[PDB]
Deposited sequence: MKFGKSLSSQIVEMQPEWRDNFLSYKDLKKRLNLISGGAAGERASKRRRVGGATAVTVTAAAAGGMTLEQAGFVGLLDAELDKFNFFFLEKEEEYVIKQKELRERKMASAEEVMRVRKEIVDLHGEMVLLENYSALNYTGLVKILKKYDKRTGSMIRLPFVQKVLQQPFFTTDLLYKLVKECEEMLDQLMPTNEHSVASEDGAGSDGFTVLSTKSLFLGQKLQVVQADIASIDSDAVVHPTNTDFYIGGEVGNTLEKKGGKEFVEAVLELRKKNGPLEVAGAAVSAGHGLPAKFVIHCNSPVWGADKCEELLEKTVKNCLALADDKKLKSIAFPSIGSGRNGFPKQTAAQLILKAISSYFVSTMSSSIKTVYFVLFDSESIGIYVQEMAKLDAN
């Protein structure tokens, strides 16, 4: 299917970039096929020459652009340094003017006292009252200007175990709590084809939820019948703080393409969560334990599937993904593999 993926990547590119990958009409010519085979190899050489020319042109352009942008980066850093230096200097000068005003006031009070003592009069108080009205004393504007300079310089210069802010814009939290009580929009329940409720997840959901929860599970099984492997279905979270419950049939370790089936299970759960326009989903320990998956393998596969799903679905409404874990080794493995996404 290499040709299909190649063409799907081409169609979304700029006209310059298209018609410079090798055409996949060479399969037709190949079919029509040592002299004419030598002509076919000459066609291959023509494709090589096309690649050479295009690549060399783009490479020269990129070299020039990178030297230019490095020069501009150095210039910009120098300019930012100069600007902040000048602003700090202006701040200091304003403070120095304040000190000038205060020091002159002090000396003036001193000389007024000396005058009142020399003559025996009492003019210091009214003279200072008049001095207070002088603009060299009204330093309110200096306070405002210093505050402005300082603001410019400031702008220029349920237990959660582990968090990971994904580069795509979502939050991956390994938490520890009763999954039935966690206020998540969706809660994933791994089950079998016949929708068993014997799971630990199923047990706590049956304890928290009422008879209406079991009735909703039964009605979901009535509507969809058997649940195929890697498939998933959605029921309403009746009697639960969760809005919806997403049941899934996780594959068994050792089956044909069981890892791809686990990835598909995770992706189907996420797709169903987006089908209900939900913003959060809670995943228990899936794959490991009952289904025989080793812990590290299942963790890395699930995290891979989540990341690739969110890569291929930019319109997704899911903002937070919870991982409800109790096994200490599983917690450590999930933290390790989650920090590497």
| item | value |
| --- | --- |
| Regions of the deposited sequence not represented in the model | 1, 35 to 66, 191 to 207, 392 to 394 |
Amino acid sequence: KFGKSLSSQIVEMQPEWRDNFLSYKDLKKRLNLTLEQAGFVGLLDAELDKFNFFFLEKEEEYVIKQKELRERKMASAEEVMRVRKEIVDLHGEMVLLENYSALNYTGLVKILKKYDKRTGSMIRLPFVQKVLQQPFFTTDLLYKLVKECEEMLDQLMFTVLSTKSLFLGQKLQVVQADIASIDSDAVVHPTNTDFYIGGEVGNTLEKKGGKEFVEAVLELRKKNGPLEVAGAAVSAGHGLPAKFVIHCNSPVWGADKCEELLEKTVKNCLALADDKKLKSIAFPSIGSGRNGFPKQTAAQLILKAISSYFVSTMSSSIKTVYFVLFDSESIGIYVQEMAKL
From here on, numbers count along this sequence of modelled residues.
item: Between the two ranges 117 to 125 and 174 to 182, the one averaging a larger CA B factor in the entry; value: 117 to 125
item: 37 to 45 set against 279 to 287, stretch whose average Cα temperature factor tops the other in the entry; value: 37 to 45
item: C-alpha B-factor winner, where the candidates are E79, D194, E71, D89; value: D194
item: Residue, from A102, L156, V83, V187, that the PDB entry assigns the highest Cα B-factor; value: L156
item: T297 - which third its CA temperature factor falls in, relative to the rest of the chain; value: lowest
item: Chain thirds of CA B-factor: placement of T139; value: highest
item: Third of chain Cα B-factors occupied by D274; value: middle
item: Third of chain Cα B-factors occupied by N224; value: highest
item: Ranked C-alpha temperature factor of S315 among modelled chain residues, by third; value: middle
